[PDB]
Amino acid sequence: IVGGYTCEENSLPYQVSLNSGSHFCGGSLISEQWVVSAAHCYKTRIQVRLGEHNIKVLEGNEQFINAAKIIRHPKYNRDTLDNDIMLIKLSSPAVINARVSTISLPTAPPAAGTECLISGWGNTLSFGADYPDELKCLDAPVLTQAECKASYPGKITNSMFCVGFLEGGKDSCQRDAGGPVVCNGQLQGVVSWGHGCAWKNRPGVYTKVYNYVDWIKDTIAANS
């Protein structure tokens, strides 16, 4: 996250870290045994880290659970980036408590102008590599689909929407992918892609979680 601030400790109890060697993507806890992330975060083995704030230091609220099943959306296209969403089933249920809990799936997609919260342990610089120990947060508005398409002509599919700023300096970045965009108490987006991070006129592009509510509920049922 570029141009954000350190989140209050464990104030985003649905935020997870995906770890393979080290932190490489985020995710969102949506049930006791299921996490939503991005399809381009796929690896064959992933350890999910819940209850984290500082990912380099033991704080005592963490739960580390290996993925038992990892399921990419069947229409994910790795060249257009269409349908960039994935589900991870935990090998055991997460313990739900004050510092680890679920985020609601959305009942309607978010209106342009809605203020949302984007979070992750991704790069904090638009140039360079400053990967933070502590979880970062960014308050940012949903853009109109027209402005989103104008910013990235020809590239915005029906699975995508933009959140952020055209003036530059505030955005998600590498190692934020798969993590949450939360608006009005609902998980509305998955961090996906952009041209650079926080560049002028190039806002963040996110997967529209609302479009996958049925796919998520049915996939959970079929694997549970």
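Quick note: we count residues from 1 along the sequence shown, nothing fancier. We call the rigid core the largest set of C-alpha positions that still match within 1.5 Å between the two forms.
**Which of 52-60 and 31-39 strays further in 4 other deposited structures of this protein - Cα RMS after rigid core alignment** = Of the two stretches, the larger average C-alpha offset in 4 other deposited structures of this protein falls on 52-60.
**Request:** Averaging the C-alpha B factors as listed in the entry, name the stretch that ends up higher: 66-74 or 173-181.
**Result:** Per the deposited B-factors, the answer is 66-74.
**Request:** Mind pulling up the entry and telling me whether 116-124 or 89-97 has the higher mean Cα temperature factor?
**Result:** The stretch with the larger average C-alpha B-factor is 89-97.
**Message:** Given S159, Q33, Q186, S192, identify the residue with the highest C-alpha B factor in the PDB entry.
**Reply:** Largest recorded C-alpha B-factor: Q33.
**Prompt:** In this PDB entry, which of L29, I46, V163, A39 has the top CA B-factor?
**Reply:** That would be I46, according to the entry.
**Chain thirds of CA B-factor: placement of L138** = It belongs to the lowest third of the chain when residues are ordered by C-alpha B-factor.
**Asked** Taking the C-alpha B-factors as the PDB entry records them, is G21 in the lowest, middle or highest third of its chain?
**Response** Tercile = highest for this residue's CA B-factor.
**Request:** Rank-wise, by C-alpha B-factor, drop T107 into the lowest, middle or highest third of its chain.
**Result:** Lowest third of the chain for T107's C-alpha B-factor.
**Asked** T144: which third of its chain by C-alpha temperature factor?
**Response** Answer is middle: the recorded C-alpha B-factor places it there.
**Message:** By the recorded C-alpha temperature factor, relative to the other modelled residues in its chain, which third is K208 in?
**Reply:** Within its chain, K208 is a lowest-third residue by C-alpha B-factor, going by the deposited values.
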